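Protein chains in written order, with PDB author numbering: chain I, 36 to 52; chain A, 1 to 118.
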C-alpha cells in the first residue's frame, strides 16, 4: 500500500541529509 | 527500490512466547533509505509495527515498544524483527517493505503468518 509505505517514510523524513 | 524481499520466521506460538522474523533482499540492504515491518489482518490496513532508516534510526508502534526489536545485517543482506512477550493482538500476517523516498509503493514481499493463541 502506498499510504502504508508513506507512514514508514514519515518516521524518517527529518533525516534526508 | 527494484529489489526483491522475502519474509520468514513466522509460526504459531503460545501467548507470552517469542519468535524472530527475517526478510532477505536480492539487492544490498544497507543502501535502502527506509525499511519496516507491517502487521495486517483482514479488513485492517497494513499497520507499521517497526521501521529502520538507512542511517540506523529505528521507530516502534507504542503497542510493541520494549517487546519487538528491528535490526539489519547489511553483511548478510537481511532484516530482522525479534518479537517477545507476544500477545494475541500481535496475531496477523507480517510483511517487510522498503525503498527510497522516490518510490511510490516500495518493495514488499509475500509476508509471514504470526499466530499467537493460548
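Note that the Cβ used here is the ideal one computed from N, Cα and C, for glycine as well.
Could you give the C-beta distance for residue i and residue j, rounded to a whole number, given that I count them as a contact under 8 Å?
| i | j | result |
| --- | --- | --- |
| residue 29 of chain A | residue 78 of chain A | 7 Å |
| residue 17 of chain A | residue 86 of chain A | 5 Å |
| residue 97 of chain A | residue 5 of chain A | 7 Å |
| residue 19 of chain A | residue 11 of chain A | 6 Å |
Per DSSP, what are the beta-bridge partners of residue i in this structure?
| i | result |
| --- | --- |
| residue 97 of chain A | A:36 |
| residue 50 of chain A | A:37 and A:60 |
Along chain I, which residues have their Cβ under 8 Å away from the Cβ of residue i?
| i | result |
| --- | --- |
| residue 97 of chain A | 39, 40 and 43 |
| residue 48 of chain A | 39, 42, 43 and 46 |
| residue 51 of chain A | 43, 46 and 47 |
Listing by chain order, which chain I residues have their CB less than 7 Å from the CB of residue i?
| i | result |
| --- | --- |
| residue 36 of chain A | 43 |
| residue 104 of chain A | 37 |
| residue 94 of chain A | Near residue 94 of chain A there are no residues of chain I at all, since even the closest Cβ is about 13 Å away, more than 7 Å. |
| residue 80 of chain A | The premise fails here: residue 80 of chain A is roughly 16 Å from chain I at the closest Cβ pair, so nothing lies under 7 Å. |
| residue 8 of chain A | Going along chain I, no residue has its Cβ under 7 Å from residue 8 of chain A, so there is no contact; the nearest lies around 20 Å. |
| residue 55 of chain A | 50 |
With distances taken from CA atoms, which of the options is nearest residue i?
| i | options | result |
| --- | --- | --- |
| residue 46 of chain I | A:117, A:104 and A:59 | A:59 |
| residue 37 of chain I | A:112, A:21, A:110 and A:101 | A:101 |
| residue 39 of chain I | A:24, A:23, A:117 and A:95 | A:95 |
| residue 84 of chain A | A:116, A:25, A:36 and A:45 | A:116 |
Buried or exposed: residue i, going by 16 or more other Cβ atoms within 10 Å of its Cβ?
| i | result |
| --- | --- |
| residue 1 of chain A | buried |
| residue 7 of chain A | buried |
| residue 66 of chain A | exposed |
Kindly list, in the order they appear in chain I, the residues whose Cβ is closer than 9 Å to that of residue i.
| i | result |
| --- | --- |
| residue 45 of chain A | 36, 38 and 39 |
| residue 63 of chain A | Within chain I, no residue comes near residue 63 of chain A; the closest Cβ sits about 15 Å away, beyond 9 Å. |
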